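Worksheet: one structure, shown below.
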Amino acid sequence: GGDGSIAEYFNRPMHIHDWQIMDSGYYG
């Protein structure tokens with residue numbers, strides 16, 4: 001993800017590139 005309210009990591013490991021950017025990484 002990048003823009004939304006549900007974090008992409010919610011049921012996933014930190015495979016996302018956003019994993020150090022808490023300003024980012026969501027979906028809806």
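Okay, so the sequence shown: first residue is 1 according to PDB author numbering, each after it adds one. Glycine included, every Cβ here is placed at the ideal spot set by N, Cα and C.
What is the rounded straight-line gap between the Cα of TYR27 and the Cα of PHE10? When rounded, the separation of the alpha-carbon atoms in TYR27 and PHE10 is 11 Å.
Spatial neighbours of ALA7 within its chain, please: CB distance less than 7 Å, with the 5 preceding and 5 following residues excluded, ordered by chain position. Once the five neighbours on either side are set aside, the close Cβ partners of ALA7 are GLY25, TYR26.
Work out the CA separation of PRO13 and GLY4 for me, nearest whole Å. One C-alpha to the other measures close to 18 Å.
Using a threshold of 9 Å, state whether the C-beta atoms of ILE21 and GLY1 are closer than that. No, the pair does not count as a contact, with Cβ atoms beyond the cut-off.
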